[PDB]
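*Asks:* Below is a structure I'd like to ask you about.
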Amino acid sequence: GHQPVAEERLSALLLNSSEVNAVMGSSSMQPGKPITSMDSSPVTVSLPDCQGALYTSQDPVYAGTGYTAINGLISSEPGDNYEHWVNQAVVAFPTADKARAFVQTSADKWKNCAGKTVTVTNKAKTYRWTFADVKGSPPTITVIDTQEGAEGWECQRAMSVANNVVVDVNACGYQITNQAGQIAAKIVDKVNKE
Ligand SMILES: [Tb+3]
Ligand SMILES: [Tb+3]
């Protein structure tokens, strides 16, 4: 079987509520409404090409890449002070080649963000985030970013590709090590079984 994943099957690739909870160490995370388009809400990053290194599914990042469809979910415990937060998305491309090219581009951009602090402005609010080094083994990339302050809030970004599908994950919390890497690998397993 060498057929690509159909656009209409993207939602079946995401992790369910049990799976998200299990990775994150929670029993109460809940998903929001399906996300079915790229995010074009404005955000300013002091190094503009680090936008994708901070957030999944960003319009300025995916624009022009040939993607055909995106399906995602954001999950967290209820309330304003959730312990865990996950944004998981899968992005369909016409071919494996185009999907892989996008991850390669992402790897180039993330490597220029590694080991740097950037300033991010959103809704007239400004915060600084510090990137660790880019990790992972082909075709997966990961990087941990840490929000300034004594909270210790952090996010791990993970991106991978299988078949014609790019897997794009942001997992955040106070005890981040490789949750986004785990999520990505589980989504890749779902792509593989399509
Ligand atoms: Tb957003
Ligand atoms: Tb906060």
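Every residue, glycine as well, gets a Cβ built from its backbone with ideal geometry; the counts of neighbours run over all protein chains shown. Just so you know, all these numbers are worked out from the coordinates, no wet-lab data involved.
*Asks:* Which numbered condition in (1) in a helix (DSSP H, G or I); (2) over 21 Å from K98 (Cβ atoms) is the only one that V61 fails?
*Replies:* So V61 meets the others, but not (2).
*Asks:* Take the stretch 143-170 and flag every residue that is free of Cβ contacts under 8 Å to residues at least 24 places away in the same chain and either surrounded by 13 or more Cβ atoms within 10 Å (Cβ to Cβ) or in contact with a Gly (Cβ under 7 Å, 6 or more places away or on another chain) (or both).
*Replies:* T146, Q147, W153, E154
*Asks:* Could you identify the single residue in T140, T121, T105 that is within 16 Å of ligand 2 (Cβ to nearest atom), touching a residue at least 40 places away in the same chain (Cβ under 8 Å) and among the hydroxyl-bearing types (S, T, Y)?
*Replies:* Going through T140, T121, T105 in turn, the sole match is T121.
*Asks:* Taking the stretch 69-96, which residues are part of a strand (DSSP E or B), away from ligand 2 (no atom under 14 Å from the Cβ) and either touching a residue at least 60 places away in the same chain (Cβ under 8 Å) or farther than 18 Å from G173 by Cβ (or both)? So that I can check it myself, show each step before the final result.
*Replies:* Within the stretch 69-96, the subset part of a strand (DSSP E or B) is 69-76, 84-92.
Still in the running and away from ligand 2 (no atom under 14 Å from the Cβ): 69-75, 86-92.
Within the stretch 69-96, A69, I70, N71, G72, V86, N87, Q88, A89, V90, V91, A92 qualify.
*Asks:* Of all residues in the stretch 1-47, which are small (G, A, S) and touching a helix residue (DSSP H, G or I) at 6+ places or on another chain (Cβ under 6 Å)?
*Replies:* Within the stretch 1-47, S27, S40 meet the criteria.
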